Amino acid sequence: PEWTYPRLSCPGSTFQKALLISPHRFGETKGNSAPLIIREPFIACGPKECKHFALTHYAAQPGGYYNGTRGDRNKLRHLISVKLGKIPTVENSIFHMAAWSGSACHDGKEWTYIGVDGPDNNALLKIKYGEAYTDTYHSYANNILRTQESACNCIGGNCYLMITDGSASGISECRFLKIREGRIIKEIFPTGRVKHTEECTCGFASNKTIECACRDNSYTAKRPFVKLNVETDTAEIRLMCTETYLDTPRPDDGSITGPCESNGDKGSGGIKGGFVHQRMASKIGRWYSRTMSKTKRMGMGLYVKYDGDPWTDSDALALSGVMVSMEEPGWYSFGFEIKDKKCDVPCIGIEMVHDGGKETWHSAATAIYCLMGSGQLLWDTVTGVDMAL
């Protein structure tokens, strides 16, 4: 089989609600099912199949191991998948590797799986190519080495991946790894605005360029925006100039005074953001998602911009529709691409966390919206879970 490359996108001018995976709809005390407790879900597709990934706390609902499940990192957390459309339960799932931070992607021939574990002060990125554990990468700032929580991107067999290391409250200067058949064949050190880049959501703008919309957990509600040239293996990063700030928390739209590079206020904390390309013959569409609340992880709106340059564009993104209403959880979001026979379908996935605090179970549904047809986005997504059951 042949290496995959980004293709022209399938025809379409709007996203529509596609699929909800709400495994805790079957988690009642009165029920008989074992959905896995998870967070940081993402989706990645090869030629034939999409897989729904997540980071489990290796516990189920109903169950006795709720405690710790609101936590980020421990020695039990694993990267798991199911084929997309299956409920990720104890039995349907496969456990790929120990991980408290993840990524995966298909290169046309095989699956690369990425999982970070280790102690906070010296963590370790591991790479699996199919069945074989294949390579590692070491902590360079000795402070919670970390990856995308979304799909890596492969072209001509060469798979690119964002990592970062550093204080979540401070300086976290990201790197990219060029990976081929599961082995690291180079490190790319971005230039430009590089002081804090987290959890990049990356995809192909063309055969020459990968672009990522990332999270600054410390200094700004603007998303750092990566442009990675895969011909030269060089990357530059600058803040998104759009007045439609995509992070949460954030201040009012347009309120960050001054030129594109201005950090502004209300920039502490953050959330991973969805971002996907629509590649047309002579026009590029960029689709983004952000929370409906400016302050809390509630709701998710979808946004679009055709052409321009996200580094210098001060104008608003166009609100394309409400995916998750203000009354429903809107947590992490991510882009991915489904492979049709002759073209690529852009989609956004949304993690809808069931959050009842540290004294209950802590897990998530995943909602999916994809480019399809014409017109306007029509319907929002609810999880339907009562956390008391």
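Throughout, we count residues from 1 along the sequence that is shown.
Stretches 377-385 and 5-13 differ in mean C-alpha B factor, with the higher average recorded for 5-13. The deposited model assigns a higher average Cα B-factor to 261-269 than to the other stretch when 82-90 and 261-269 are compared. Based on the entry's C-alpha B-factors, the most elevated value among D72, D307, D135, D247 belongs to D307.
In the PDB entry, the Cα temperature factor peaks, among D165, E199, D252, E231, at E231. Among the modelled residues of the chain, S363 sits in the middle third by CA temperature factor in this PDB entry.
Annotation for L145: CA B-factor lies in the lowest third of the chain's modelled residues.
In the deposited entry, the Cα temperature factor of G157 places it in the highest third of its chain's modelled residues.
Sort the modelled residues of the chain by CA B factor and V345 lands in the middle third.
Among the modelled residues of its chain, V324 has a C-alpha B-factor that falls in the middle third, as given in the PDB entry.
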